[PDB]
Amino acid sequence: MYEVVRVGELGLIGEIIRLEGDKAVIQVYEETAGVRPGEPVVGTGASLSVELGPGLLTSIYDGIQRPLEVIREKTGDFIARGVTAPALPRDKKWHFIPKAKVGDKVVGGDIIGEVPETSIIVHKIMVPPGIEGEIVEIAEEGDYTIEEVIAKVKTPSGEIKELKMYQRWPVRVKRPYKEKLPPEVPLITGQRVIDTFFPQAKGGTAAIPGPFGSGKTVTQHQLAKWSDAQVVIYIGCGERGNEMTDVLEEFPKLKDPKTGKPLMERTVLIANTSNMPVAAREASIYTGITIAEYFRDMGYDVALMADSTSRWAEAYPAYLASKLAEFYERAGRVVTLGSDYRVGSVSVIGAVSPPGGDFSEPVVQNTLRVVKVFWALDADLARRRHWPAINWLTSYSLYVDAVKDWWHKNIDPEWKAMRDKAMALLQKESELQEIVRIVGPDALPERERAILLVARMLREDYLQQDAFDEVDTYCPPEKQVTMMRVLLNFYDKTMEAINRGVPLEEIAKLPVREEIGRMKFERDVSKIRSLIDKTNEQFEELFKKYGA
């Protein structure tokens, strides 16, 4: 019941112990064996690991951290496979800056040096987990290759351990930390529908529908560039045609808009393709999440974005999906290992596409059992040209209460009240739209028509957001709450007006409305805020002219 015999990594048969990984004929451990139990499987004392140090950023790997092997134009333009070579370059020289001194007491996680790895990210050099003691030797500022010993620690026993810039860690063991903090700080994405209605917490878990392209690449791309994570770990590239080919030397000119340096300078790509061994694709999320863990341990917030559609074996949702829970449970914001109090997080965003188009079973069945956020990209919205195409009735976030306090204290004391009010308004619109479908629009009283008018302005002026516009591609939190306050105040005035005999027609054509429709293009938040007063005075003129 073999896989493919002589391609890549493989899930090993055994004797009394079920799963281990190969590469070649030499096998690495998961369950500690007791060597040669069969057909020349010689074994070793090593887990499927990952190397973690200066070299990771800008790299592309397969699912077990093999560097990518290019290979020209087969499927359409490019086809790639993992070549067995060092994960981190042995020949490159890094600038090491010491951060401890001979005599310092250290623990796993303590930062003992810095390395500027790219123009964007200072890599932090940490004592590996489970090593502690006195620093007895540390390297001076200078340039070193990854294999150079940059420090030595004497453990309380007297044992001397040699520390390098990199470290190794088994991908299947969660990296330890002090404590996992409850969701509390939003991952600010700059996208209004998400930040306002379906927030993601730093350290939370979110799903978005697999890949069609109902603007999916667009919002997935907005999330990658704008979320306030310093580092992105991206798993995908497969899903073929020529995704792999547009991932190669298109990704090298994508800009990180926060610096205008290339985005690959805080990114690490793990590639899953049709031709890669099935067991390297299975392994890829553990490889990815371990790398993500390793940057949180430095105190970075990291966004792990995954996206594949993964095949089947010969040994399906039984004890599995409990193992996918595994993967998801390693998302979180933590107090890291170290002597200093320090916090980092890994937030997880996974694309999820069905047994084949139908949101019925395997993955879709209930990945939704574990994720706390679902942004339901919706082809009907894409056809109604409402972008991004996030359905505001079927999407949900379980983080609204967890994050409201950060919003209240830092941004606007009324964030959650406004959010709830706008949602109640969208919900009412939806009910009214159903009714009008049966009986038609002609008998709608003024009040109901006013609610449809204000809901349409919410949809158009707030939910819709233009990712291609130089201003509206990102919406800072302060801008979000000010736009919301403009809309809600217009709502208040609209029902007040109507409550006084002003016809709805006169409100529909108030001149401020056109200004409200363009506010998302205005970069000066104080100008947007000024629409509150301008709406008040206009309505006032209508209380004067008594409404006609």
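When you see a residue number, it is the position in the sequence shown, counting from 1.
From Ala315 on to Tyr316, does the model leave out none, 1 to 3, 4 to 9, or 10 or more residues of the deposited sequence?
Unmodelled stretch: 10 or more residues.
Mean C-alpha B factor from the entry: is it higher for 149-157 or for 360-368?
Higher mean C-alpha B-factor in the PDB entry: 360-368.
On average, are the C-alpha B-factors higher in 447-455 or in 275-283?
Looking at the record's C-alpha B-factors, the answer is 275-283.
Per the entry's Cα B factor values, which of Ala508, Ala497, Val512, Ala33 stands out as the maximum?
Spelled out: the listed residue with the top C-alpha B-factor is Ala33.
Check the PDB entry and point out which of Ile438, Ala321, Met423, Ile270 has the largest C-alpha temperature factor.
Answer for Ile438, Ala321, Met423, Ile270: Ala321, with the highest C-alpha B-factor.
Using only modelled residues of the chain, where does the Cα B factor of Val247 rank: lowest third, middle third or highest third?
Highest third of the chain for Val247's C-alpha B-factor.
Would you mind checking where the Cα B-factor of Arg172 ranks among the modelled residues of its chain, as the lowest, middle or highest third?
Its C-alpha B-factor, which the entry lists for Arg172, ranks in the middle third among residues of this chain.
Would you mind checking where the Cα B-factor of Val486 ranks among the modelled residues of its chain, as the lowest, middle or highest third?
Answer is lowest: the recorded C-alpha B-factor places it there.
Split into thirds by Cα B-factor across the chain's modelled residues, where does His123 land: lowest, middle or highest?
Middle third - that is where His123 ends up once the chain's C-alpha B-factors are sorted.
Among the chain's modelled residues, which third holds the C-alpha B-factor of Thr75?
It belongs to the highest third of the chain when residues are ordered by C-alpha B-factor.
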